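Notes to accompany the following structure.
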2 protein chains.
Amino acid sequence: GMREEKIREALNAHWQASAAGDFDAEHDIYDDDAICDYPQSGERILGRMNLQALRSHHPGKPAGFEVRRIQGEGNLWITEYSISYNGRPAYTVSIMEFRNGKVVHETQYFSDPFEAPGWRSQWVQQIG
Amino acid sequence: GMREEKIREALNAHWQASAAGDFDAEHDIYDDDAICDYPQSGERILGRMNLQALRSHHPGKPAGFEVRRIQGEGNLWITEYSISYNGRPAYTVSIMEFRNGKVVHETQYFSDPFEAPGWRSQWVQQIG
Ligand SMILES: [Ca+2]
Ligand SMILES: [Ca+2]
């Protein structure tokens, strides 16, 4: 059927909204009681309203945004993407759990680039 | 049926192996031609053999290991976990794609802790 492709459509629009700084559009995808976790800091945000207000406040719209990859099966979705402010990018992961077509739980990680180490160069492909 | 639960069983064993530094057991889960990507560095590792040798070499067995959460649907799996060396932990994400019960593509991210910022304290729950 269309179920996964419908989620993927919603996700494409979500990320477009995020790049565009359309905070309303960016939060359309969430259940009202959606939770958003940052495990790196132990923080949990409760509710679509709170999530939108917090994001809109800071850091606000990214200066740079690009989706790397979106994978999903059933109600489990994961988006790999880059966001950047001040010429400092973050390799970002958003793990989303859906119910009835809406996000009920998002978990985000924000990671730094690192240099491919010389020692294993002979054994890796550089794919970007 | 049992399909997902069978993958989850394999994953539990995978991570136990990783904590234990059992590099053989740790690599049982992969297809022979499995690829492992580090998007933060643009590196791709091709093959179970290469992946095992590289991991075994450096950084080798973690001084500290703990699974945070495992989610999965069908052939898409994502493990959130912590690894630590020298009292420096990394909030890690491993995204795994399965085919016929074996990992064909893993993508890993290694992220730092960050302090929950004061400004949004009134609006977040600290869950750890
Ligand atoms: Ca409600
Ligand atoms: Ca082969």
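Here's how to read the names in the structure tokens: chain A, B, ... by the order shown, residue numbers from 1 in each chain, ligand numbers from 1 in the order shown.
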
Exercise for review: For ligand 2, list the contacting residues at 10 Å or closer, counting only C-alpha atoms and all ligand atoms, as a list in words.
Suggested key: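 So, counting only C-alpha atoms and all ligand atoms, the residues near ligand 2 are residues 31, 32, 33, 34, 47 and 48 of chain B.
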
Atoms to include: N, CA and C atoms. Write the selected residues as a compact mmCIF listing (two decimals), in the first residue's frame.
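Result went into result.txt, see below:
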```txt
# COMPACT_ATOMS: atom_id res chain seq x y z
N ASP B 31 26.72 -9.95 7.11
CA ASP B 31 27.03 -10.55 5.81
C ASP B 31 28.52 -10.40 5.53
N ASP B 32 29.05 -11.31 4.73
CA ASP B 32 30.48 -11.25 4.38
C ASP B 32 30.87 -9.94 3.72
N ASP B 33 29.95 -9.41 2.93
CA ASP B 33 30.19 -8.19 2.17
C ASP B 33 29.57 -6.95 2.82
N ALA B 34 29.28 -7.06 4.10
CA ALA B 34 28.73 -5.96 4.87
C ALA B 34 29.62 -4.73 4.69
N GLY B 47 33.42 -5.14 3.89
CA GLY B 47 33.65 -6.52 4.31
C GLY B 47 33.78 -6.78 5.78
N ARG B 48 33.14 -7.86 6.17
CA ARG B 48 33.16 -8.34 7.55
C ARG B 48 34.59 -8.53 8.08
```

Close residues, residue 62 (chain B) itself excluded, 7 Å, only C-alpha atoms, min 5 positions apart in chain, as a compact mmCIF listing (two decimals) with N, CA, C and O atoms, in the first residue's frame:
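After the write, part-v7.txt holds the following:
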```txt
# COMPACT_ATOMS: atom_id res chain seq x y z
N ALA B 19 30.83 -5.59 24.12
CA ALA B 19 31.21 -5.22 25.50
C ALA B 19 32.33 -6.12 26.02
O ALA B 19 33.23 -5.68 26.73
N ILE B 83 29.70 3.94 24.62
CA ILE B 83 31.00 3.31 24.71
C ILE B 83 31.97 4.28 25.40
O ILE B 83 31.84 5.49 25.27
N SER B 84 32.93 3.78 26.14
CA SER B 84 33.84 4.70 26.79
C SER B 84 35.24 4.13 26.89
O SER B 84 35.44 2.94 27.08
N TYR B 85 36.18 5.05 26.72
CA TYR B 85 37.62 4.84 26.83
C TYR B 85 38.20 6.02 27.58
O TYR B 85 37.86 7.16 27.30
```

Exercise for review: List the neighbours of residue 122 (chain B) out to 12 Å using only C-alpha atoms; skip same-chain residues closer than 3 positions along the sequence, and give me the result as a PyMOL selection string.
Suggested key: (chain A and resi 43-46+50+54) or (chain B and resi 116-119+125-126)

Exercise for review: For chain A, list the residues within 9 Å of chain B, counting only C-alpha atoms, and write the list as a ChimeraX atom specification.
Suggested key: /A:37,39-46,50,54,71-78,90-93,95,109-117,120-121,123-128

Please, could you write that set of residues out with C-alpha atoms as a short mmCIF file (atom, residue, chain, number, x, y, z; two decimals), in the first residue's frame?
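Wrote it out as result-v7.cif, contents follow:
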```cif
data_model
loop_
_atom_site.label_atom_id
_atom_site.label_comp_id
_atom_site.auth_asym_id
_atom_site.auth_seq_id
_atom_site.Cartn_x
_atom_site.Cartn_y
_atom_site.Cartn_z
CA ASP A 37 14.81 13.54 23.51
CA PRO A 39 20.26 11.71 24.93
CA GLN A 40 23.55 13.61 24.81
CA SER A 41 22.22 15.99 27.45
CA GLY A 42 19.51 13.86 29.09
CA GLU A 43 16.87 16.40 28.05
CA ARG A 44 13.32 15.56 27.16
CA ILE A 45 10.85 18.01 25.59
CA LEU A 46 7.15 17.28 26.08
CA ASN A 50 6.88 23.36 23.55
CA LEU A 54 11.97 26.02 21.88
CA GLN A 71 15.26 5.11 5.95
CA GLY A 72 12.07 3.73 7.30
CA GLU A 73 10.04 0.65 7.87
CA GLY A 74 6.52 0.67 9.26
CA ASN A 75 6.39 3.23 12.05
CA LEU A 76 10.18 3.52 12.54
CA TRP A 77 11.99 6.28 10.69
CA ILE A 78 15.51 7.60 10.69
CA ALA A 90 26.54 19.00 12.74
CA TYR A 91 26.00 15.49 11.48
CA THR A 92 22.52 14.93 12.82
CA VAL A 93 20.33 11.89 13.33
CA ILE A 95 14.97 8.80 15.01
CA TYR A 109 21.76 13.28 18.10
CA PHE A 110 24.11 16.05 17.00
CA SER A 111 27.59 14.93 16.11
CA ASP A 112 30.80 16.61 14.98
CA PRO A 113 32.85 15.83 11.89
CA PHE A 114 36.07 13.99 12.50
CA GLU A 115 39.09 13.43 10.30
CA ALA A 116 39.49 10.00 8.72
CA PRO A 117 42.50 8.60 10.55
CA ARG A 120 43.22 2.81 8.41
CA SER A 121 43.33 4.77 5.15
CA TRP A 123 41.45 -0.11 4.36
CA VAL A 124 38.71 2.42 3.86
CA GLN A 125 36.90 3.96 0.97
CA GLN A 126 36.27 7.69 1.20
CA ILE A 127 32.65 8.13 0.11
CA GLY A 128 31.83 11.44 1.73
#
```

Practice item. Assign secondary structure with DSSP using the backbone only, and return the residues of chain A in alpha helix (DSSP H) as a PyMOL selection string. Key: chain A and resi 3-20+23-26+48-57

Point to revise | Residues near residue 30 (chain B), cut-off 6 Å, only C-alpha atoms, skip fewer than 2 positions along chain, as an MDAnalysis selection string | key: chainID B and resid 27:28 34 102:103
